[PDB]
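These notes are about the structure you will find just below.
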Amino acid sequence: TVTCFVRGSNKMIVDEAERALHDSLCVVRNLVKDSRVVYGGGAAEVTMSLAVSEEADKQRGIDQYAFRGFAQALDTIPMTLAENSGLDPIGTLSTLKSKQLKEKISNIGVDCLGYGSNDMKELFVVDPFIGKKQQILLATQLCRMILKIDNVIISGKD
Amino acid sequence: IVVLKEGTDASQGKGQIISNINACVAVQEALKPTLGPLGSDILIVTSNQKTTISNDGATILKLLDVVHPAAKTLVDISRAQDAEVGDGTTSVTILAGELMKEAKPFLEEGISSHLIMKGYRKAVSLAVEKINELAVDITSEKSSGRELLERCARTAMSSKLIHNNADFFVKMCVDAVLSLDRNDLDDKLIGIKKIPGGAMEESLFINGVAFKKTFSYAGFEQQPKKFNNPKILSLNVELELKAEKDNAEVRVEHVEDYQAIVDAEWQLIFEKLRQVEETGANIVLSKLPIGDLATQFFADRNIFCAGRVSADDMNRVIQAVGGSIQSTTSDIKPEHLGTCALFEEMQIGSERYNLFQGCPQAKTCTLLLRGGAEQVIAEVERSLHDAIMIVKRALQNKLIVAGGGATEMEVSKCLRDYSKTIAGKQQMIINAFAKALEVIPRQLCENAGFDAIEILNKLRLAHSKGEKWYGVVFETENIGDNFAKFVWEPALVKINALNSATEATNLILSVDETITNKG
Amino acid sequence: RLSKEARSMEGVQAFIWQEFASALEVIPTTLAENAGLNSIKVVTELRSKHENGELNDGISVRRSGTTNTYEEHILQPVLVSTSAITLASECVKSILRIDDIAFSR
Amino acid sequence: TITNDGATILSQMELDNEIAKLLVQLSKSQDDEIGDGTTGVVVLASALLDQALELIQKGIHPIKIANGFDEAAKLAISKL
């Protein structure tokens, strides 16, 4: 067993830096358990969005509407990363999809970190596979959890 | 200078009957989305600040507790269905609702509540005769025992989160019911426990009782973990000396005894542990904490302990191992001990848990649900419950009718056929009664997202041609033979549900006044 | 066509073109609704059928479904469709350019 | 206190909206299981619900939406 000793000039500094280790410990925990990783920065969502979008046109049926919607929902992640960085989410997403279609499907990230360029291969922004897999599946399951609710009855609180 | 009421309420007249209907329909509307294997879940916030999520009509209505003096009749009759049949509570309210809906315009046209109720009573008798005629007496014909029960659970799990994993969970359900007494199948004997983590297909079937392994205290784990033929002892008392929470003062008559009190308490726990050794137990359970001294003593005596066991589990352990629970340690006899064929520790959920296995005396079993989220595990439990019930009923009651609305449509047909010879006002009521029977295949289609109009029209044509078992298919939006597809339920479900729905219908419609005493 | 051609566009133009193409569906959607047909069903059938057809597939109120526009004699002069595209675009241009109104007397 | 931890923020968000509570339950599962996506799973789930709103308004049954989203998720992971 080990203990992580954190110091700092104030309570909030120690509390946040200490909790920062918690997050990093979770990352390295997952990397040890499952060696499979994917690139982050929203690159995975763009790749998955493109794949679902291309497959949607193959449905030729009612489901086509949901498949396109699902892809558009994925786009909201790299767009959020743009907006929270002060970037144009429309120019950003256009660039993200364009690079992964015109040049190579290889993961293309966003400039959220203020680095000279995107292309996370040289930037080392990496998420565990099991993390991104669960993120997509669990968010979808939750959406279904709410969509299937057709009646809510709320009583008081004792 | 005198009045009649002083805050005493009474309301009488036909308007009260219609008002009673409207309140009763409101209950139907709360429950109508719960019908069918694709029924929607309802969120109820109780006064205890806990939230309940379920599409089980019995759960929902029992928690709803409609206050209106007339609508409470729907609550009572649903509870009767829950006690007498055990299923169909959603369909009893729905059928009762639609019958009362049709009673309303009949009352407006000047048809007395007696004439409406009289026609309903006749219509039920006509329907019940058809339901019996439609019933099939079938067990393992052109099949075997597990073959039917496998198909039954597999059907229940269709189009669920565990659809692709049915090959794993269907076995659990079939084994769970067949592990019970074959003369009296009681769903209460099948326990379900939620363990987070892992994939759903990794769920485990256990013949005995699992524990939650509540230990975190330093010094634990250093006790044997496996036994071949253990004796099992259950206590209602704790076995700990110094807890991480509690404490005590030391008060003595002599200074030399100051230290003695600390060791005296050690002896008091030791002596209790020693009497357990004299009993000859191999595993010792308690609903209360078991501490370090108990673990170190028991380990050196080759005894395993597990405390803080849920009260529900302690009772089930006794039901598994065939022993008897005791509060004291001085009065324990070997006849109080149970026996298992195995004690082991499992890795279910990627975390260690204790369990008994292969208990020769068991009347119960335990199902362990795995999954990546509590919400998904909850969905698995609901799917298992329905799968267990249909397996239980298919094994218990061989007298069946086709489900999926197939019976309601065949009953609807014969009711309309009878109206061809029923003259007078009775013709109006027998028609309305037949109409009510159609709401079931309707709301089954609507709740499933189907074109209910198209499916209902095809069902009417099919039965008119003599296709008496066709109903709503939920895997493909069409109609098909629910008997051949093994979409079964006992005949008594339709007989008792229809009798019960009418009884509530007529009782509510019979009331022309409500009296309320206030103050 | 515009949904696919938009894939060659970049930036705001790519997103706006997709919105333009979607807006066009208001017509076959409205026709399906007024004809008593399921909106999504009719529009979906047309979109899939135009994988092989070009102008032969459309809504016929006579046949109450998606059928052969030529055999049913459902024809409109080019000028009518062309004018609808132009004038509708000019109107939207004119409306979006209005940021204020002042009185003059 | 000041933080950008989505898990802490959602935990400190105290609400009686039962639908919002379901989103909090999602973030709890991700926080215990993986510990990374506690913000993303709620933002994405909302994005899917936003798409569901338009799909419902266009005449797509909520069940057809739920089934389509499930199959789309399978495609998304298959590519991932």
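Residue numbers (the deposited numbering), protein chains in the order written: chain A, 403 to 560; chain B, 10 to 528; chain C, 424 to 528; chain D, 82 to 161. All C-beta atoms, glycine included, are put in the ideal place defined by N, C-alpha and C.
According to DSSP, what are the bridge partners of residue i?
i: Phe-229(B); result: DSSP lists no partner for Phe-229(B).
i: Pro-499(B); result: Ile-409(B)
i: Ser-487(C); result: Paired residue(s): none; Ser-487(C) is not in a bridge.
i: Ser-421(B); result: Beta-bridge pairing links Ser-421(B) to no other residue.
i: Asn-553(A); result: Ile-51(B)
i: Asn-363(B); result: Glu-354(B)
i: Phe-236(B); result: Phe-352(B)
i: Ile-62(B); result: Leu-52(B)
i: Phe-214(B); result: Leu-376(B)
i: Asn-487(B); result: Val-482(B)
Just reading off the beta strand (DSSP E) that residue i is part of, what are its end residues?
i: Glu-353(B); result: 351-355
i: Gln-21(B); result: 17-21
i: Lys-203(B); result: 199-203
i: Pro-530(A); result: 528-530
i: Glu-522(B); result: 522-526
i: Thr-375(B); result: 374-378
i: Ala-315(B); result: 313-315
i: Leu-294(B); result: 292-295
i: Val-454(A); result: Looking at the DSSP string, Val-454(A) is not in any beta strand (DSSP E); the run it does join, the alpha helix (DSSP H), is 445-458.
i: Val-439(A); result: 439-441
Span of the alpha helix (DSSP H) holding residue i?
i: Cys-428(A); result: 413-435
i: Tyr-267(B); result: 266-288
i: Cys-161(B); result: 154-165
i: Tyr-129(B); result: 122-143
i: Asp-477(A); result: 466-485
i: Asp-309(B); result: 301-309
i: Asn-466(B); result: 461-473
i: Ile-100(D); result: 99-114
i: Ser-496(A); result: 491-504
i: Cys-454(B); result: 448-456
Here's the rule I'm using: 16 or more other beta-carbon atoms within 10 Å means buried, otherwise exposed. How should residue i be labelled?
i: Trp-497(B); result: buried
i: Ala-422(A); result: exposed
i: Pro-114(B); result: exposed
i: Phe-483(B); result: buried
i: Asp-436(A); result: exposed
i: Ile-521(C); result: exposed
i: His-472(B); result: buried
i: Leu-364(B); result: buried
i: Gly-533(A); result: buried
i: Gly-442(A); result: buried
i: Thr-338(B); result: buried
i: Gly-217(B); result: buried
i: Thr-478(A); result: buried
i: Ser-445(C); result: exposed
i: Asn-526(B); result: exposed
Whole-angstrom Cβ separation of residue i and residue j, contact assumed at under 8 Å?
i: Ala-415(B); j: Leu-346(B); result: The pair is not a contact, with the Cβ atoms about 53 Å apart (cut-off 8 Å).
i: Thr-99(B); j: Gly-66(B); result: 3 Å
i: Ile-292(B); j: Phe-313(B); result: 5 Å
i: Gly-511(A); j: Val-528(A); result: Incorrect: roughly 10 Å between the Cβ atoms, too far for contact.
i: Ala-144(B); j: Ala-500(B); result: 4 Å
i: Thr-82(D); j: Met-414(A); result: 7 Å
i: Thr-467(C); j: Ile-464(A); result: 6 Å
i: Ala-493(B); j: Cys-161(B); result: About 14 Å separates the two Cβ atoms, so there is no contact after all.
i: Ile-158(D); j: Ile-507(A); result: That belief does not hold up - the Cβ atoms of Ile-158(D) and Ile-507(A) are roughly 16 Å apart, past 8 Å.
Quick one: is the Cβ of residue i within less than 8 Å of any heavy atom of the ligand FAD?
i: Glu-419(B); result: As far as ligands go, the structure on display features none, and thus does not contain the ligand FAD.
For this session: Output, in sequence order along the chain, the residues in the stretch 73-98 of chain B whose CB is closer than 9 Å to any CB in chain A.
Result: Correct list: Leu-73.
Exercise. For the stretch 112-145 of chain D, which residues have a beta carbon sitting closer than 8 Å to at least one beta carbon of chain C?
Worked result: Cβ contacts with chain C come from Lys-139, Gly-140, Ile-141.
For this session: Select from the stretch 99-110 of chain D all residues with a C-beta closer than 9 Å to any C-beta belonging to chain B, and list them in chain order.
Result: Hits within the stretch, in order: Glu-99, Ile-100, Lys-102, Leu-103, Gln-106, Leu-107, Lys-109, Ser-110.
Exercise. Closer than 8 Å, Cβ to any Cβ of chain C: which residues of the stretch 446-473 of chain A, in chain order?
Worked result: Listed in sequence order: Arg-462, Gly-463, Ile-464, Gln-466, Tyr-467.
For this session: Compile a chain-ordered list of the residues in the stretch 487-499 of chain A whose CB is closer than 7 Å to at least one CB of chain C.
Result: If the cut-off is 7 Å between Cβ atoms, the stretch 487-499 of chain A has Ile-492, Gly-493, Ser-496 near chain C.
Problem set entry | Interface positions of the stretch 478-495 of chain C facing chain D (Cβ-Cβ less than 9 Å), listed along the chain | none
For this session: Mind checking the stretch 366-395 of chain B against chain A and listing, in chain order, the residues whose C-beta falls within less than 7 Å of any C-beta there?
Result: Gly-381, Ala-382, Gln-384, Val-385
Problem set entry | chain D contacts made by the stretch 463-475 of chain B, where a contact means CB separation under 7 Å | Taking a C-beta cut-off of 7 Å against chain D, none of the residues of the stretch 463-475 of chain B qualify.
For this session: Output, in sequence order along the chain, the residues in the stretch 425-438 of chain C whose CB is closer than 7 Å to any CB in chain A.
Result: Contact residues of the stretch 425-438 of chain C toward chain A are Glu-433, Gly-434, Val-435, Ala-437, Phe-438 (C-beta to C-beta distance below 7 Å).
Problem set entry | Chain-ordered residues of the stretch 437-470 of chain C with a beta carbon less than 8 Å from chain D | Residues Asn-461, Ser-462, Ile-463.
Exercise. Which residues, in chain order, does the stretch 49-67 of chain B contribute to contact with chain A at a C-beta distance below 7 Å?
Worked result: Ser-49, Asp-50, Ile-51, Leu-52, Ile-53, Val-54, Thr-55, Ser-56, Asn-57, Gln-58
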